[PDB]
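> Remember, UniProt numbering sits 1024 above the position in the sequence shown when you count from 1.
Note that CB positions come from ideal geometry on N, CA and C, so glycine has one too.
Can you read through this structure? Questions will come right after.
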Amino acid sequence: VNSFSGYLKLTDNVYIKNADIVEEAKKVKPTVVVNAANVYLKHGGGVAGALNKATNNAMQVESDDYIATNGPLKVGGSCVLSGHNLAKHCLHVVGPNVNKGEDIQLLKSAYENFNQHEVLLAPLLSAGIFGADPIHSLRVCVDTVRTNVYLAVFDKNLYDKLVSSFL
Ligand SMILES: O=C(N[C@H]1c2cccc(O)c2C[C@@H]1C(=O)O)c1ccc2[nH]c(CO)nc2c1
């Protein structure tokens, strides 16, 4: 038993809710919140900009030190950093950005990072400003992630569509 409330159960291990991931993290304090990161950990907009704003830019400060030490992530890769006031940990995961021409097949590799964590609050990778089809992203998520994933979908209209078209 865990504290996520109001989710619709899609599969054995995937749940989904129309929610603001920032508000969900602050209420739930999950062990892991997933950020829709880029390779530079520049949290300017979309989910990343919202999560970072909620941390009063502490996420960005920590991220800049990470990059200065380690260099950029790989597309499809991830790193674990602090969750600040939102979660114990933040798993920064880089899905391919279609608006940068990145290979969509890397989406499966990106979701594989979730399997290193028993339970996660997460957005749909490569959705929103990353330019992928959220329905495809949901399919890859369901077919790749084996751990328990609680997906927060900000847009109500999109949430309903994802549910209604789910196979
Ligand atoms: O853009 C946002 N989320 C979408 C996104 C973005 C980039 C890559 C992605 O893969 C996805 C998928 C994610 C989604 O479909 O839910 C977002 C989420 C919460 C927000 N809270 C505020 C306050 O103003 N702005 C927000 C923006």
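Just to confirm, is the Cβ distance from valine 1117 to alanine 1092 under 8 Å?
No. Outside cutoff.
> With a threshold of 16 other CB atoms inside 10 Å of the CB of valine 1038, please say whether the residue is buried or exposed.
It is buried - the Cβ of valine 1038 has at least 16 other Cβ atoms within 10 Å.
> Would you give the residue range spanned by the alpha helix (DSSP H) that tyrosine 1174 belongs to?
No alpha helix (DSSP H) contains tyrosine 1174, which is instead part of the beta strand (DSSP E) from 1172 to 1177.
> For the beta strand (DSSP E) that contains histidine 1160, what are its first and last residues?
Here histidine 1160 belongs to no beta strand (DSSP E); instead the alpha helix (DSSP H) covers 1158 to 1168.
> When the Cα atoms are used, what is the spatial distance from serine 1188 to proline 1120?
Cα to Cα, the separation comes out at about 25 Å.
> Helix, strand or coil for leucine 1032 per DSSP?
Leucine 1032: strand per DSSP, three-state reduction.
> Consider the C-beta atom of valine 1166 and the heavy atoms of ligand 1; say whether any pair is separated by less than 7 Å.
No.
> With a CB to CB cut of under 7 Å and the five nearest residues on each side skipped, what residues in its chain are close to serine 1161?
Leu1131, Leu1148, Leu1149, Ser1150, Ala1151, listed in sequence order.
> Spatial neighbours of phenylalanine 1154 within its chain, please: C-beta separation below 8 Å, excluding the five flanking residues on both sides.
For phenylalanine 1154, where only same-chain residues beyond five positions count, the Cβ hits under 8 Å are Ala1060, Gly1070, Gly1119, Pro1120, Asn1121, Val1122, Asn1123.
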